[PDB]
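**Student:** got a structure for you, letters missing:
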Ligand SMILES: COC1=C(OC)C(=O)C(C/C=C(/C)CC/C=C(\C)CC/C=C(\C)CC/C=C(\C)CC/C=C(\C)CC/C=C(\C)CC/C=C(/C)CC/C=C(\C)CC/C=C(\C)CCC=C(C)C)=C(C)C1=O
Ligand SMILES: CCCCCCCCCCCCCCCC(=O)OC[C@H](COP(=O)([O-])OCC[N+](C)(C)C)OC(=O)CCCCCCCCCCCCCCC
Ligand SMILES: CCCCCCCCCCCCCCCC(=O)OC[C@H](COP(=O)([O-])OCC[N+](C)(C)C)OC(=O)CCCCCCCCCCCCCCC
Ligand code: HEC
Ligand code: HEM
Ligand code: HEM
Ligand code: FES
């Protein structure tokens, strides 16, 4: 027997990287898992170094960041790379989620994988929100103040959890200390959850664009899928390197290069761009608690997808109605993000309300109706062929 | 000579492969550094502190 | 909001540093630093730039030492308590005109001159907005009046700036010899402030070119190697011999 | 849970079927599973016990033909191309060949489930 | 100042109250806003009274 | 080892848990004998043209509608808060 | 230099419609204020005219600013 098949550690490595039966016709949209893993590794490695020059205190946090930027050797590279990798993480996460949703990778035998991915997405959102508050910028302080107050919607112990989290009466030194510690801790938990994600997925294999079984023509991972990932790796490297060397603050709002003044009230208080649609959803509901409930449901509705998709086939490669409605929903998501970005003026609130109504209608009314209609039409045509 | 000699020299054994890779990398770094230095120097004419020195301080 | 309460959209120009393979204009940088020191050192503070930063960029080491040796700083305790002044070193920051923010508020009515270290990067427009604000002082149109202590400036949000016209014609004597108009001086000040915002631009843009070139070559090689290895699968031939019973 | 369809209530009224025939024709053309030389019953999910048991009760010829069709379809999907218009799945060959077996298996399971839950009403 | 967070001057303004020369707005004697770029009135603390000493907080 | 694991649908090499196959001959060549960059441009161009002509409107319609309402909303919102809009 | 070129661009044929609107402003608003009414402020027309003039003038002068 080969050594790679005998030694337990080498056996673990082999069963997951060297000799793993995979479908023989998976497209280029199956390349984002490795991209996500590499982005996470880069983020953790760079953050470990970034923690070597940061002082977690409200009175002394901005000057430490400036010293990192303009005094340490190649500190600007570290800062820009960390920020831009954290930004690219969400782009690749959205692409992964879209790939999973479009080809129907949530309707067994792989449903635990979907739930683990949803939990990982929630943890990533929480980690990003904790991280972007650290530099004590103006939007960082004000958005932290705005977002942390959402915990007051709890009926009984509300308005006390907020003070417990703040560690006082407003955003001050203890808040920054706690946020730094939690932001340091969480990515390792995310990595462990990703390991569990991979373990859960490995027991049944991946899907294929056709949506049919692929237990007839399988090829091993290496070297056939260990090289298809290199092209995407290099393309992502090109993108991130350009963004970090020619436009580092290109994803950043102009109201982030100022020290946090607890009296200066900014004109618009918005979070970063990757969390914008949920903020848009939150502000749509006139009520307070209903808004928080809707915002949480907007991410927690991905768990209910398996039990309300009545389709005789898996995927969207042979379902025109799904092809139309998926792109319509994607456009609605983009429009929701745009509305969340802008001011809450006259026409914008109406547009946001319409977009929220459509977004919450998509996961409840549209999907079962069009799936059932497609089934009915196909069966009706197939039932009158020989006649 | 032909093309079999090239395979016989570097691309015959992995040990004679990694050494070629490393040496080629070492030379390529210097080559690319020289290229980028030359192109950046040509790009900026009359725009750096070394070429604006006589205008300001040489007159004192 | 209302156009009056949000200001006029800034004008757009072309700067040497906005290209893909261009650095700064160091002569303009030095002239802008001179104008800064001779004009806005009185009220605006730049307490994030040290004398050593200008060494090799706008001034020689001896020039920087000689210029810094004229500012008096305050040092640590003496042998018996006390605090003694110093003639200045090459590792100190530029002197702030006011000791704290409250003194600045008291001096200039109720306003507070913002620190200029990171203002260009922190404004909606950067260099264009700053230059337009500097050169955009005009008499108010009929119907709108300005109370005492305020000036009309369309590019400022609300069209009410607390400043006065800072740059008048022939305010500074340039060492090079260029005339000091309100257009040249504003351009040089904007360039110097942009440099003070991001002093690392040159090295970054010098490294990026080589990085991008190497990465492009690597990607071009990968796209070919994948097609090389994936060949015996993309070109298979499947025949079905029907299994007659 | 299971696929659902209003494919019989419409059959109850002839007028609705006559009205909906062209729409069904257009939809089935638009689905494009026939461009790969496949049949509709191949695409049905087979991961539960019922379909796994049903696939083991087909005639051997049907199983071999299904295997060849699936393999050819995946080979075509590898290179992102389709067969010429001559080798498309004709309507006459696109019949339902897996539904009756699945119906028999579901009927057996439902009968056992019915026997399972009983009561004595004196 | 409820508009952009500045320190107003009291015993002044058109309405005989607090006056903000940072943006030229006036607060009435009662403490509310009458005219100027200030959106809302002045804030009220949760103080309590104990004899001749008032505790703010 | 043993440990009496559960039930899956993948297996491993040799026993992949698929239906029995018969009479499926397969030929392939060697990567060193075939030629990369052979017929790539023609086949890729034909596939891209067919995909554009086939999927097409599926993406074209929603994105176009969204862009139209985006432009209209921006124009109307800019108009309304101006001088003449409020009247 | 900038003021002269901006004035020349203001009187240039490139921007004449916005100038016409600003003139109609000046007349009407001056009559209104000297009557004793402080309710109207057409700063929008001044914004438009100044934007047109600056766009006309700035690229011309910016080239010779060395
Ligand atoms: C099909 O699925 C598949 C995938 O997808 C295709 C995959 O993804 C993978 C997954 C593959 C992996 C890469 C495994 C991990 C990936 C995950 C599942 C999730 C991500 C997991 C991680 C978080 C990666 C682990 C990384 C960690 C734990 C942190 C890493 C930290 C560092 C590397 C340290 C950083 C460096 C710093 C800050 C300083 C380093 C120290 C120094 C040396 C500095 C200098 C100091 C000195 C000089 C001091 C003196 C030194 C001494 C004493 C030495 C002197 C010499 C002497 C001899 C004394 C698999 C298996 C898979 O099958
Ligand atoms: C890179 C710079 C140049 C660095 C240059 C110096 C690097 C060191 C040089 C040697 C590195 C490799 C060590 C082992 C060498 C060797 O001869 O191993 C042979 C066998 C091959 O395995 P097998 O023949 O197929 O199976 C044998 C099973 N029997 C029959 C015994 C029952 O055992 C195997 O190889 C099994 C394959 C998997 C186990 C090895 C994985 C790790 C290999 C690399 C380890 C060193 C990596 C160093 C990286 C710094
Ligand atoms: C293990 C985690 C998952 C993986 C994470 C990525 C790990 C990346 C480093 C290892 C990449 C290569 C993996 C091992 C591939 C291998 O088998 O190496 C041997 C090959 C030659 O093998 P051959 O292609 O079959 O040709 C036969 C040659 N004869 C025998 C005829 C002489 O010769 C070569 O392949 C030489 C080219 C590659 C060798 C490394 C040099 C380039 C990388 C330098 C280090 C930079 C990487 C730092 C960042 C990773
Ligand atoms: C009269 C003292 C004084 C002078 C001289 C002066 N500044 Fe100012 N500056 C101020 C004050 C006070 C403010 C605050 C105005 C406000 O907040 O409304 C200010 C505001 C600014 C701002 C902030 C604009 C904004 O939108 O926040 C910039 C930039 C600026 N000045 C640049 C300059 C430059 C460049 C010079 C030299 C040409 C200069 N100033 C000269 C006192 C001064
Ligand atoms: C071990 C892992 C990590 C460590 C030690 C770490 C540490 C840090 C530190 C010290 C900062 C402060 C930056 C500064 O002071 O300028 C920061 C910022 C940030 N981090 Fe991380 N981080 C880690 C992983 C992550 C992950 C996994 C994400 C997202 C998924 C993330 C997202 C962010 C963001 C968005 C910022 C703010 C960007 C900015 O400051 O410009 N980090 N992180
Ligand atoms: C954030 C939301 C996520 C969801 C909803 C999710 C869900 C899924 C699903 C359903 C699959 C199987 C798709 C199929 O077989 O057709 C999959 C595959 C995979 N996932 Fe995730 N996952 C998420 C995040 C992540 C993260 C953060 C990582 C790694 C850090 C990761 C790594 C992988 C890998 C490596 C695969 C297999 C290869 C691939 O599909 O690219 N996923 N995921
Ligand atoms: S503090 Fe803003 S105008 Fe009074």
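**Tutor:** Yes, it's here. Residues are numbered from 1 along each chain as shown, chains lettered A, B, ... in the order given. Ligands and ions are numbered 1, 2, ... in the order given.

**Student:** Sketch out the strands for chain E, chain order is fine.
**Tutor:** Along chain E, counting by DSSP state E, strands occupy E:9-12, E:17-20, E:25-27, E:33-35, E:48-50, E:53-55.

**Student:** partners of the third one, with directions?
**Tutor:** In its sheet, strand E:25-27 lies beside strand E:17-20 (antiparallel), strand E:33-35 (antiparallel), with partners assigned from DSSP bridges.

**Student:** what comes into contact with the longest one?
**Tutor:** Just to be clear, that refers to strand E:17-20. Around strand E:17-20, the neighbours that count as contacts under C-beta atoms under 8 Å, 6 or more residues apart in numbering or on different chains are C:110, E:1, E:3, E:6-13, E:25-31, E:36, E:38, E:42. Yep, even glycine has a C-beta here, placed from its N, CA and C like the rest.

**Student:** if you set the cut-off to 7 Å instead, what comes out?
**Tutor:** Contacts to strand E:17-20, defined as C-beta atoms under 7 Å, 6 or more residues apart in numbering or on different chains, come from residues E:1, E:6, E:8-10, E:12-13, E:26-29, E:31, E:36.

**Student:** ok, and the most crowded of those?
**Tutor:** Neighbours here mean other C-beta atoms under 10 Å in any protein chain shown. Within the contacts of strand E:17-20, the largest count is held by residue E:27, at 27 neighbours.

**Student:** Please tell me I have it right and residue A:55 contacts residue A:61.
**Tutor:** Yes: proximity of residue A:55 to residue A:61 meets the contact threshold set by C-beta atoms under 7 Å, at 6.5 Å.

**Student:** ok, those two, which is more surrounded?
**Tutor:** Looking at residue A:55 and residue A:61 with other C-beta under 10 Å, you find the greater number of neighbours at residue A:61, namely 22 against 13.

**Student:** How about the backbone phi and psi for that one?
**Tutor:** Backbone dihedrals for residue A:61, given as degrees, to the nearest 10, come out at phi -130, psi -40.

**Student:** quick one: it from residue A:263, how far?
**Tutor:** Counting by C-beta to C-beta, to the nearest Å, the gap from residue A:61 to residue A:263 is 18 Å.

**Student:** And for residue E:28?
**Tutor:** Using C-beta to C-beta, one gets 22 Å for the distance from residue E:28 to residue A:263.

**Student:** same question, residue A:231
**Tutor:** From residue A:231 over to residue A:263 the distance is 52 Å, taken as C-beta to C-beta.

**Student:** Who has more neighbours out of these two?
**Tutor:** Each of residue A:231 and residue A:263 has its neighbours counted (other C-beta under 10 Å); residue A:231 has more, 18 against 9.

**Student:** For the more buried one, give its distance to chain C.
**Tutor:** Residue A:231 is 5 Å from chain C, where distance means C-beta to the nearest C-beta, to the nearest Å.

**Student:** thinking again about what came up before, deepest-packed of the strands of chain E, please.
**Tutor:** strand E:25-27 (a mean of 23; mean count of other C-beta atoms under 10 Å in any protein chain shown).

**Student:** can you tell if that one touches ligand 7?
**Tutor:** Yes: applying C-beta under 6 Å from any ligand atom, one finds strand E:25-27 in contact with ligand 7 at residue E:25.

**Student:** Report whether that strand contacts ligand 4.
**Tutor:** No: with C-beta under 6 Å from any ligand atom as the threshold, strand E:25-27 lies outside contact range of ligand 4, at a closest distance of 13.6 Å.

**Student:** can you check stretch E:29-46 too?
**Tutor:** No: figure legend: stretch E:29-46 not in contact with ligand 4 (C-beta under 6 Å from any ligand atom); closest approach 12.0 Å.

**Student:** quick one: contacts of that stretch?
**Tutor:** Stretch E:29-46 is touched from outside by C:158, E:1-3, E:15-17, E:20, E:23-28, E:56-57, with contacts defined as C-beta under 7 Å, 6+ apart.

**Student:** Just the endpoints, please. Distance across it?
**Tutor:** 20 Å (C-alpha to C-alpha, to the nearest Å).

**Student:** and residue D:63, what element?
**Tutor:** Taking DSSP states H and E as the definition, residue D:63 sits inside helix D:60-79.

**Student:** Show me what the helix ranked longest in chain G is packed up against.
**Tutor:** Among the elements of type helix in chain G, defined by DSSP state H, the one spanning the most residues is helix G:43-64. When contacts are defined as 3 or more C-beta pairs under 7 Å, 6 or more residues apart in numbering or on different chains; DSSP states H and E, helix G:43-64 packs onto helix C:3-6, helix G:2-11, helix G:17-35.

**Student:** picking that back up, select, out of the strands of chain E, the one closest to residue G:44.
**Tutor:** Taking C-beta to C-beta as the measure, those were each checked against residue G:44, and strand E:33-35 came out nearest at 22.1 Å.

**Student:** Is that closest one in proximity to ligand 7?
**Tutor:** No: under the criterion of C-beta under 6 Å from any ligand atom, strand E:33-35 makes no contact with ligand 7; the nearest approach is 9.2 Å.

**Student:** so how far is that strand off the chain centroid?
**Tutor:** The chain centroid and the centroid of strand E:33-35 are separated by 10 Å under C-alpha atoms, centre = their mean, to the nearest Å.

**Student:** residues in contact with the helix or strand residue A:115 falls within?
**Tutor:** For residue A:115, the element it lies in under DSSP H and E is helix A:112-132. Around helix A:112-132, the neighbours that count as contacts under C-beta under 7 Å, 6+ apart are A:86, A:93, A:100, A:106, A:140, A:147, A:179, A:182-183, A:186-187, A:189-190, A:193-194, A:196-197, A:200-201, A:272, A:275, A:299, A:302-303.

**Student:** which parts of the helix or strand residue C:106 falls within are buried?
**Tutor:** Residue C:106 belongs to helix C:101-107 when elements are defined using DSSP H and E. When neighbours are counted by 16 or more other C-beta atoms under 10 Å in any protein chain shown, the buried residues of helix C:101-107 are found to be C:104, C:105.

**Student:** Would you mind confirming that residue A:90 makes contact with residue A:273?
**Tutor:** No: in this structure residue A:90 lies outside contact range of residue A:273 using C-beta under 7 Å: 8.4 Å.

**Student:** so where do the helices sit in chain C?
**Tutor:** With DSSP H as the criterion, chain C has helices at C:3-6, C:26-39, C:61-68, C:101-107, C:127-135, C:184-197, C:201-229, C:231-234.

**Student:** what's the spacing between the fifth one and its chain's center?
**Tutor:** Mean C-alpha position of helix C:127-135 versus that of the full chain (C-alpha atoms, centre = their mean) differs by 12 Å.

**Student:** which helices and strands does that helix pack with?
**Tutor:** Secondary elements touching helix C:127-135 (3+ C-beta pairs under 7 Å, 6+ apart): helix C:184-197.
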